[PDB]
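Single chain ahead, written as structure tokens, the form deposited without 2-oxoglutaric acid (AKG).
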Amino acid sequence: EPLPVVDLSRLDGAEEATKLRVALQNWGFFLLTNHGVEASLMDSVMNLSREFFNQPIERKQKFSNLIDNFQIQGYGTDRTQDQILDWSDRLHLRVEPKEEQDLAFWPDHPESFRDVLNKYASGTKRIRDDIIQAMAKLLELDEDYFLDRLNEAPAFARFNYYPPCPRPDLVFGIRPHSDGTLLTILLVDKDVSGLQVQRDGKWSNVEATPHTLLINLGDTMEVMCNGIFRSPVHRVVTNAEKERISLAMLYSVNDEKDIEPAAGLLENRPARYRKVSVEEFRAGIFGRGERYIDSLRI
């Protein structure tokens, strides 16, 4: 079976909005086409990123994360826990709110890197709003339910470089996990991403065609939608033949309210998840064998 394709051009109107529902229900991931981000900007994100990661280690470490919160920023794969078996180099940048940016962690070379990221992040923010408004409608909440919870909310840019692994094995790479976000927007450089999603025990490949985006909702959305849609467990395996690049835009909600299923979804529909503080939600998704939001089922 093929990866579901969702056309942002047509996301109003039952035909394409229902395609989104059957993709959220069956795959958890979907491929987004006609999303309004120009192809040459996506190319630049990928190419300038590759250029940043192919530098000598000394240049990259000038942006290395500092050590004295949970969401570490800068260059490295630390989480006294460097993640050697990820087989990956990483750059993590807080992009939103724009006020809270810290340019000491943004690469100054290639010269365009900052401007290209900020340009691409304006496009994915708009995609986030469109996707999330469609979902509110699917949930038969009103258009702007989440938009209000998305004000001054954190958004991170996670850049991944995966050099080839001569000895691929499942102990290497990104291990099975669900995202903690409200929404995740992923940009990959090639038609081999290594990204896989577990559906009813089975792992399926998630591949992007040229210049499309891979979207999934995270655990924040699953609690808020009372599990009507589920945050998918996924992993990124290693590759012996090619190098790979990706950028994930990681969209969370703000500190204001608490994380609980939407009241408008609760008498024949009891709440599947307990309410908890955004501060306790963060600590639990960063905080392991068992999956955090399971401990919220009740």
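Numbering starts at 1 and runs along the sequence shown. So that the term is clear: the rigid core is the largest set of C-alpha atoms that superpose within 1.5 Å between two forms.
For this session: If the chain runs straight from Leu266 to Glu267, say none; otherwise bin the unmodelled deposited residues as 1 to 3, 4 to 9, or 10 or more.
Result: 1 to 3 residues are missing.
Exercise. Should the segment between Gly287 and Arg288 be described as having none, 1 to 3, 4 to 9, or 10 or more unmodelled residues of the deposited sequence?
Worked result: Unresolved stretch here: 1 to 3 residues.
Exercise. Looking at the deposited entry, does 177 to 185 or 81 to 89 carry the larger mean Cα B-factor?
Worked result: Stretch with the greater average CA B-factor: 81 to 89.
For this session: Averaging only over Cα atoms, indicate whether 235 to 243 or 30 to 38 has the higher B-factor in the PDB entry.
Result: Looking at the record's C-alpha B-factors, the answer is 30 to 38.
Exercise. Reading the B-factor column of the entry, which of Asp200, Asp115, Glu99, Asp108 has the highest value at its C-alpha atom?
Worked result: That would be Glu99, according to the entry.
Problem set entry | Of the residues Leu213, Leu150, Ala155, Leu195, the one carrying the largest Cα B-factor as recorded | The listed residue with the largest C-alpha B-factor is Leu150.
For this session: Report the third (lowest, middle or highest) to which the CA temperature factor of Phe53 belongs, ranking only the modelled residues of the same chain.
Result: Ranked within chain, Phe53 CA B lands in the lowest tercile.
Exercise. In terms of the chain's CA B-factor thirds, is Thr209 lowest, middle or highest?
Worked result: Middle third, going by the recorded CA B-factors of the chain.
Problem set entry | Record-listed C-alpha B factor of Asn226: chain third | Middle third by C-alpha B-factor.
For this session: Could you say whether, by C-alpha temperature factor, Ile72 belongs to the lowest, middle or highest third of its chain?
Result: Highest third.
For this session: Name the third of the chain's ranked CA B-factors that contains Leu138, choosing lowest, middle or highest.
Result: CA B-factor rank for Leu138: highest third.
One more form of this protein, solved in complex with 2-oxoglutaric acid (AKG), exists but is not displayed; see below.
For this session: Using the pose of 2-oxoglutaric acid (AKG) in the deposited complex, placed onto this unliganded form by C-alpha superposition round the site, state open if no ligand atom is within 2.4 Å of a backbone or C-beta atom and blocked if 3 or more are.
Result: Open: when 2-oxoglutaric acid (AKG) is placed as it sits in the deposited complex, none of its atoms comes within 2.4 Å of backbone or C-beta atoms.
For this session: Choose from 158 to 166, 69 to 77, 95 to 103, 120 to 128 the stretch whose residues reach within 4.5 Å of 2-oxoglutaric acid (AKG) in the deposited complex, heavy atoms counted.
Result: Flagged stretch: 158 to 166.
Problem set entry | 2-oxoglutaric acid (AKG) contact at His177 in the deposited complex, heavy atom, 4.5 Å | Yes, contact at 4.5 Å.
For this session: Please check if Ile228 has a heavy atom lying within 4.5 Å of any heavy atom of 2-oxoglutaric acid (AKG) in the deposited complex.
Result: Answer no; every heavy atom of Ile228 is more than 4.5 Å from 2-oxoglutaric acid (AKG) in the deposited complex.
For this session: Using a 4.5 Å heavy atom cut-off, state whether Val236 contacts 2-oxoglutaric acid (AKG) in the deposited complex.
Result: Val236 belongs to the contact set for 2-oxoglutaric acid (AKG).
Problem set entry | Distance check, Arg244 to 2-oxoglutaric acid (AKG) in the deposited complex, heavy atom within 4.5 Å | Yes - in the deposited complex, heavy atoms of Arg244 and 2-oxoglutaric acid (AKG) come within 4.5 Å of each other.
For this session: Only one of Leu195, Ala208, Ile132, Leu150 comes within 4.5 Å of 2-oxoglutaric acid (AKG) in the deposited complex by heavy atoms, so just point that one out.
Result: Contact residue from the list: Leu195.
Exercise. Which residue among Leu182, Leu186, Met224, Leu91 has a heavy atom within 4.5 angstroms of 2-oxoglutaric acid (AKG) in the deposited complex?
Worked result: That would be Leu186.
Exercise. Pick from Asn226, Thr212, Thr184, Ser193: whose Cα moves by 2 Å or more between the shown form and the other one, rigid core superposed?
Worked result: Once the cores are aligned, the residue moving by 2 Å or more is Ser193.
Problem set entry | Core-superposed C-alpha of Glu243 shifting 2 Å or more between the shown form and the other one | It does, since the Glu243 C-alpha is displaced 2 Å or more between the shown form and the other one after the core fit.
Exercise. Fitting the rigid core first, would the Cα of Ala153 be found 2 Å or more away between the shown form and the other one?
Worked result: No, the C-alpha moves less than 2 Å.
Exercise. Comparing between the shown form and the other one on the rigid core, is the C-alpha shift at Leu85 2 Å or larger?
Worked result: Yes; that C-alpha moves by at least 2 Å between the shown form and the other one.
For this session: Using the form shown as baseline, tell whether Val192 and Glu16 are closer or farther in Cα-Cα distance in the deposited complex, where the change reaches 3 Å or more.
Result: Distance between the C-alphas of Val192 and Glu16: longer in the deposited complex, by 3 Å or more.
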